[PDB]
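Enquirer: Structure provided below as structure tokens; questions to follow.
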Amino acid sequence: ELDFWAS
Amino acid sequence: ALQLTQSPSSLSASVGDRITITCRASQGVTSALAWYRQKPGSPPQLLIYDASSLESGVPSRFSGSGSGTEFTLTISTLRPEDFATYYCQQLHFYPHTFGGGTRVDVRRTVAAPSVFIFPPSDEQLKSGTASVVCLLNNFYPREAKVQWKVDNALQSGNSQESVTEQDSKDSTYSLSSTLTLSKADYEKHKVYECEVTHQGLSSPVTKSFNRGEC
Amino acid sequence: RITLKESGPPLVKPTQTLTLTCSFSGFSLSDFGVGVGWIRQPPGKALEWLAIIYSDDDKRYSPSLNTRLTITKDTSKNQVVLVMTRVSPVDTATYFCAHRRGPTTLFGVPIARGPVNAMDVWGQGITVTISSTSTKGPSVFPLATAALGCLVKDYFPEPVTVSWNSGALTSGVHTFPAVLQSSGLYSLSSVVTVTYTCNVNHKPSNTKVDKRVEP
């Protein structure tokens, strides 16, 4: 999945 | 999962050179990439964060650029403390992958290894084990390939090797490889050979002995 | 100034449970968006990411080790603990814990996430060896520009010291790093290119050996 700060 | 490939895996240089290491990811990681320099026996040290931001306290000769799938770290003027191993780390997807690393060592002219093969001692044999060791002495570059052969059978899974750190005066490396067999298996063969491939050798060198030949 | 330091057992036996503690100062795990992660490095190998925990208590693990890892934090003690179950020899490595920065803020408002893209401060790292072996002294065998040496075999735990001619021979000497055999015992060779006698000393087991080697 995506990192904590992604998007 | 996501793959981070560093290039080159190893690199030779001299003080004052400009080098560039690159890191390619299998899927885009935007700008979430960091570069570290690690000196032996020490923890990795942050150089560049967020692909191109210079970490505080890190010298200006370090620079990072790129985004997406291709990143590069360049050291404009290599200093002695830069002879080390560098790693890139991706922090866009979990798990936060690290690249395979690239070793930067002191360049010197090519030197082929002096190869030696040692049969097992009669003292060891009496304990029921047989260690055959092969030595590759003072060579450069670091990459070398050792292949054990017993009565022409290519050996696998029964040897271990270790390499010394670059010599501070020589700039060469040395490698030791141990082939281990039970005394019983040892006794069932005659020709123990250590085949060595290296850049400084026109073609592979083979050092060998016939067991029990006295 | 942020500092972190790992602590735990240097030796652990296969199938056992390994508990590593990261004690830190300079930040709190109650600080906005902060993280503390764990990374390992088998001798001679690359860095391998293991897990991370944030102040809001979100946890993430390496998929390959997920079932064997548990990471937790004790905010009041400024510690992060990583528990690895059923360890095996491939788990011997140096384990590091590291700090991960939260976003830059202005008047308590995050305006830049760029700072989170790295683990900025690392601990010295702690060496962990996984072996079922008991302390044991090495057997020393001879290895006979000519080369000769000594094979220091089957000892535990590290380290062992080797010198030549009681310290009088240094030129052309190469003592290789030991390898951990599948048996759980270490083995190393020390050679020299040119009387020659290797002086071997394994403090742990109080085993000193001088072996003269000849052609």
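Enquirer: Suppose the Debye formula is applied to equal point scatterers at every Cα of the stretch B:112-159; what is log10 I(q)/I(0) at q = 0.22, 0.31 Å⁻¹?
Expert: The calculated log intensity ratios at q = 0.22, 0.31 Å⁻¹ are -0.93, -1.16.
Enquirer: What area, in nm² and to one decimal, does the C-alpha convex hull of the stretch B:108-211 cast on average over all directions?
Expert: Working: hull surface 27.4 nm².
Mean shadow area of the hull around the Cα atoms is 6.8 nm².
Enquirer: Bin by bin, in steps of 20 Å, what percent of the Cα pairs in the protein assembly as shown do you find, going until the bin that has the longest distance?
Expert: 23, 50, 25, 2, 0
Enquirer: Now, a different point. Would you calculate the volume per residue, in Å³, of the smallest convex hull containing every Cα atom of the stretch C:27-123?
Expert: 109 Å³
Enquirer: Can you give me the C-alpha center-to-center distance between the stretch C:171-215 and the stretch B:98-173, rounded to a whole angstrom?
Expert: 16 Å
Enquirer: Now for a different question. What does the structure give for B:32-38 when I average, per residue, the other chain Cβ atoms found within 10 Å of the residue Cβ?
Expert: Counting Cβ atoms of other protein chains within 10 Å of each residue's Cβ and averaging gives 3.
Enquirer: Right, next: Taking the Cα centre of chain C as the origin, how large is its charge dipole in debye, to the nearest 20, when only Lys and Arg (+1) and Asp and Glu (-1) carry charge on their Cβ atoms?
Expert: 140 debye
Enquirer: Each residue of the stretch B:24-36 in order: what ³J(HN,Hα) in whole Hz does its phi give by Karplus 6.51 cos²θ - 1.76 cosθ + 1.60, θ = phi - 60°, with x for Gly and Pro?
Expert: Once θ is set to phi - 60°, the couplings for the stretch B:24-36 become 10, 9, 5, 9, x, 10, 6, 9, 6, 9, 10, 10, 10 Hz.
Enquirer: With the alpha-carbon atoms as the only input, what is the per residue convex hull volume for the stretch B:74-113 in Å³?
Expert: It comes to 112 Å³ per residue, whole-number rounded.
Enquirer: Please compute the Cα-Cα pair-distance distribution of the stretch C:133-215 with 10 Å bins starting at 0, giving whole percents from short to long.
Expert: 20, 54, 23, 4
Enquirer: Tell me which residues come under 5 Å, amide H to amide H, from C:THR207 once H is placed; ignore anything under 5 positions away on its chain.
Expert: Close amide H contacts, sequence-distant or interchain: C:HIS202.
Enquirer: Translational D (Stokes-Einstein, µm²/s) of chain C at 20 °C and 1.002 mPa s when Rh comes from the Kirkwood sum over C-alpha pairs?
Expert: Answer, rounded: 108 µm²/s.
Enquirer: For each pair in C:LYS45/C:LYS136; B:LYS39/C:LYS59; B:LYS126/C:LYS211; C:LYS13/C:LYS73; B:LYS39/C:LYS73; B:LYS126/B:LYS207, compute the distance between the two Cα atoms and list the pairs where it is over 23 Å.
Expert: On the way: C:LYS45/C:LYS136 26 Å; B:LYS39/C:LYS59 30 Å; B:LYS126/C:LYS211 17 Å; C:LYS13/C:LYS73 25 Å; B:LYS39/C:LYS73 30 Å; B:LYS126/B:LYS207 25 Å.
Check vs 23 Å cut-off fails for C:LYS45/C:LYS136; B:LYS39/C:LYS59; C:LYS13/C:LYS73; B:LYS39/C:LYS73; B:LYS126/B:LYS207.
Enquirer: May I ask for the equivalent-ellipsoid semi-axes of chain B, computed as the square root of five times each C-alpha gyration tensor eigenvalue and listed largest first in whole Å?
Expert: In descending order, the three semi-axes are 43, 20, 14 Å.
Enquirer: So, one more: Based on C-alpha coordinates, I'd like the Rg and Dmax of the stretch B:1-107, in Å.
Expert: Answer for the stretch B:1-107, Rg first and Dmax second: 12.8, 38 Å.
Enquirer: Let me ask you something else. Can you give the convex hull volume per residue for the Cα atoms of the stretch C:5-55, as a whole number of Å³?
Expert: Spread over its residues, the Cα hull of the stretch C:5-55 gives 113 Å³ apiece.
We place every Cβ from the backbone using ideal geometry, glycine too, and count neighbours over all the protein chains shown. Readers should treat all values here as calculations from the given coordinates under stated rules, not as data from a laboratory.
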